[PDB]
Structure formats: C-alpha cells, structure tokens
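Working notes, structure below.
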Amino acid sequence: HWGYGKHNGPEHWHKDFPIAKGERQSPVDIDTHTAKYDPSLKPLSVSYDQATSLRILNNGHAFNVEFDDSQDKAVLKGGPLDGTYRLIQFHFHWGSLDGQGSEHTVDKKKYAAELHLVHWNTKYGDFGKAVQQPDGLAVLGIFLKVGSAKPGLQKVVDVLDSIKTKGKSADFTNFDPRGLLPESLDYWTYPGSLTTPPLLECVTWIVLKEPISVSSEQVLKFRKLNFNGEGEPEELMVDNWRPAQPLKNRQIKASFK
Ligand SMILES: O=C1NC(=O)[C@@H](c2ccccc2)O1
Ligand code: NA
Ligand SMILES: [Zn+2]
Numbered sequence: 144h145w146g147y148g149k150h151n152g153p154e155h156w157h158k159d160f161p162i163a164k165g166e167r168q169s170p171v172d173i174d175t176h177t178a179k180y181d182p183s184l185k186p187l188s189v190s191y192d193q194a195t196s197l198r199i200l201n202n203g204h205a206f207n208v209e210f211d212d213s214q215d216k217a218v219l220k221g222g223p224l225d226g227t228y229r230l231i232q233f234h235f236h237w238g239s240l241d242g243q244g245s246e247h248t249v250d251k252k253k254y255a256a257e258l259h260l261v262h263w264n265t266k267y268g269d270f271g272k273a274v275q276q277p278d279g280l281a282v283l284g285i286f287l288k289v290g291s292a293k294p295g296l297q298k299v300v301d302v303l304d305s306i307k308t309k310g311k312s313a314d315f316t317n318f319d320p321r322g323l324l325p326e327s328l329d330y331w332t333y334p335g336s337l338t339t340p341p342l343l344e345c346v347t348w349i350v351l352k353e354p355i356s357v358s359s360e361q362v363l364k365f366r367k368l369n370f371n372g373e374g375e376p377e378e379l380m381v382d383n384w385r386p387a388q389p390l391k392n393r394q395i396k397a398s399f400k
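Offset between the sequence shown (1-based) and this note's numbering: plus 143.
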C-alpha cells in the first residue's frame, strides 16, 4: 500500500489512484508575484473557542489530532468560503531535515513542516458525503519554520512518545488549536485536492502567509515517530510530504495587498 518510500511514494500513487494526475491536484508552488490580490475575498473567520479535541492517532502516515465534529463547535467561515466548515482533525507533514517538509512551497521555498487543519462543509451532513463534492472540504495550511518554540505545540510534542508506531492512539482532550495559529490571518487560496491518497479533488485550500516558529527540539520529536507498526522494522516517520503538482488551469488568489 501507499507511503512515502522509493517503492510506494508519490511517483507510484497514480497506479492505484489515477486522479493523482488530475486537473486540481495539491500541493502547488505559490508564485507570490503572480498571485493576484482579490479585494472581494473576506477575512477568514476561525472560531475555535469551543473546540473539543478527543484523541491523537499515529495512522502510519502522520499523527492526527481528532475533534468532536458531531456539532458546530470549531468552525471555519468567511474568506473564500460559502457557509460553514467543521474542524475534524489536524496533522502535519515534515522533513528529515529543516530544509524540507512542507507540501506547499512559496516561490519554491520549502518550509520545515506544514500544519493542515481539515474541515468539512456542513451542508453535506458528514465528512464521507463531503468528500464526494468539489466544495466539500476546506484545509487551513500553516507553514512551520525552525526558530523559537511554539508554546501551544508542546502538549502535542509531549504525547508523541505514547503513539510511536502505526495504529497507536492516546486520549488527547482539551487541546486548544488556537495556540497553533500565527498572528496574521492573511492567506492565499486556490482549489485543490487531498495531498495523500485518495487524492480527492474536494478542497478549498487556504494557506496562511505567516509561518509559525517551532523549536528544533519540537520538530526533532516529530522525526522520532515511526511509519511502521509495533514489532516491525523501524522506519522513521520523516519526509511524509508530496511535492508540488502542476497548477494547470487554476489561479491562486491573495487576501492581502
Ligand atoms: O491535505 C491533506 N493532508 C492529508 O493528509 C490529506 C488527507 C487525507 C485524508 C483525510 C484528510 C486529509 O490531504
Ligand atoms: Na494569478
Ligand atoms: Zn495534510
């Protein structure tokens, strides 16, 4: 099955998932000089005050912090979006070294990691129905650079020892995702896809311009996770990112001048 190695990585995904070569695949390079300011875009409304985190899971591809999405609690509205999108989970993609790890790039720059907060459009009732729709999902992407520590990330870092291998989970209640945001909510947006199989073309991407800083020690802990299950040969969970894909007939819009 699919992964990030030589024999099962991004260059192989199209065999099982032919949409890998589709018309609106993600991630992409954001060419900042050609992303046009769109004065009709609205400020992003991030309403996370009532978020209920539940659990953290190593799924063999990343670690997901999962939320109660059975009701309108943590929601994303505004920006390029019509209606209301509920937060279901967040996770990261990261590198083996600080010079790579992000999925999106900015003028070809790769960041050390990228946070994805995944939301689904409540007009479709459940996540599974939302991923059958071209406007089913909204993913808020946030770049990570290595510098000062991010205090709001440390609770995540400190639980990782308990979910080292694929299939392990741990209770993870009362985590506030507001502590992972940068100051500014200025963003770029474009229509795209999931960046892993099944690569479904359901996503309004909202990529924040301002990275967050995390410390070297924080990202080093991400890199001690394992892709493998317990009692299998150890494969460090690093370089779990898909490279940039062809932009094709799309335009990236900026929310800011
Ligand atoms: O942007 C994405 N990051 C991923 O891991 C992938 C994704 C796969 C499955 C569910 C939600 C998101 O899409
Ligand atoms: Na453009
Ligand atoms: Zn992701």
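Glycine is no exception: its CB is placed at the ideal position from the N, C-alpha and C atoms.
Checklist line | Residue closest to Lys396, alpha-carbon to alpha-carbon, out of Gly165, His144, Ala178 and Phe160 | finding: Among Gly165, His144, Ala178 and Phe160, the Cα nearest to that of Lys396 is on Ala178.
Margin query: Please state whether the Cβ-Cβ distance between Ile199 and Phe315 is less than 8 Å.
Written below: Going by C-beta atoms, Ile199 is nearer than 8 Å to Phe315.
Margin query: Can you find the residues in the same chain that come closer than 7 Å, C-beta to C-beta, to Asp211, ignoring five residues on each side of it along the sequence?
Written below: Annotation for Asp211: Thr195 and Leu197 place their beta carbon closer than 7 Å to its own, counting only its chain and skipping 5 residues before and after.
Checklist line | Same chain, Cβ closer than 6 Å to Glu209, neighbours up to 5 away in sequence not counted | finding: Taken in chain order, the residues that qualify are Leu197, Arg198 and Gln232.
Notebook entry, point to check: Can you tell me whether DSSP reads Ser336 as helix, strand or coil?
Noted result: Note: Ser336 maps to coil in three-state DSSP.
Next item on the list: Please check the pair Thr265 and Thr308, which I expect to be a contact at CB under 8 Å, by giving their CB distance rounded to whole angstroms.
Entry: The C-beta separation of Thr265 from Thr308 comes to about 34 Å, leaving the pair out of contact by the 8 Å criterion.
Margin query: Quick test of the definition: if touching needs 3 or more C-beta pairs under 8 Å, does the stretch 372-386 touch the stretch 235-254?
Written below: Segment contact: the stretch 372-386 against the stretch 235-254, three or more CB-CB distances shorter than 8 Å; contact assigned.
Note to self: For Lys391 and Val346, I'd like the C-alpha separation in whole angstroms.
What the structure shows: If I take the Cα positions, the gap works out to 16 Å.
Next item on the list: Determine the burial state of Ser398: buried for a count of at least 16 other Cβ atoms within 10 Å of its Cβ, exposed for fewer.
Entry: Counting every other CB atom within 10 Å of its CB across the protein chains shown gives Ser398 a total of 16 or more, marking it as buried.
Checklist line | N-terminal and C-terminal residue of the beta strand (DSSP E) that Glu257 is part of | finding: From DSSP, the beta strand (DSSP E) with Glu257 extends over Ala256 to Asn264.
Note to self: Pop quiz: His262 and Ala281 are said to be a contact at Cβ under 8 Å. What is the actual Cβ separation, rounded to whole angstroms?
What the structure shows: Confirmed, about 5 Å.
Next item on the list: Kindly confirm or deny that the stretch 334-344 and the stretch 160-178 touch, where touching means at least three C-beta pairs closer than 8 Å.
Entry: Verdict: yes, contact present.
Checklist line | DSSP state of residue 95 mapped onto helix, strand, coil | finding: Because the chain in this structure spans residues 144 to 400, residue 95 falls outside the shown range and cannot be described.
Item checked: Beta-ladder partner(s) of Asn369, from DSSP -> For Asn369, which the question treats as bridged, DSSP gives the partners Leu379.
Next item on the list: Scan the stretch 264-323 and note each continuous alpha helix (DSSP H) run of 4 residues or more that stays entirely inside, going in chain order.
Entry: Here the runs fully enclosed are 270-273 and 297-302.
Notebook entry, point to check: Between which two residues does the alpha helix (DSSP H) carrying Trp156 extend?
Noted result: In this chain, the alpha helix (DSSP H) harbouring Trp156 covers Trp156 to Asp159.
Checklist line | Between the CA atoms of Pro354 and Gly222 - distance to the nearest angstrom | finding: So the two alpha carbons sit approximately 18 Å from each other.
Check: If you draw a straight line from the alpha carbon of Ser359 to that of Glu373, how long is it in whole angstroms?
Finding: Distance between the alpha carbons of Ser359 and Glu373 is about 26 Å.
Margin query: With a threshold of 7 Å (Cβ to nearest heavy atom), would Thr177 be considered close to ligand 2?
Written below: Relative to ligand 2, the beta carbon of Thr177 is positioned inside 7 Å of a heavy atom.
Check: With distances taken between CB atoms, is the gap from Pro389 to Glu344 smaller than 8 Å?
Finding: Not closer than 8 Å, so no.
Checklist line | Through-space distance from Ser213 to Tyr191, alpha-carbon basis | finding: Between the alpha carbons of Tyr191 and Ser213 lies a gap of roughly 15 Å.
Next item on the list: Leaving out five residues on either side along the sequence, give the residues of the same chain with a beta carbon under 7 Å from the beta carbon of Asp301.
Entry: Correct list: empty, nothing qualifies.
Check: Out of curiosity, what's the CA-to-CA distance linking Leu184 and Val381?
Finding: Looking at the backbone, the Cα of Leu184 and that of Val381 are separated by about 35 Å.
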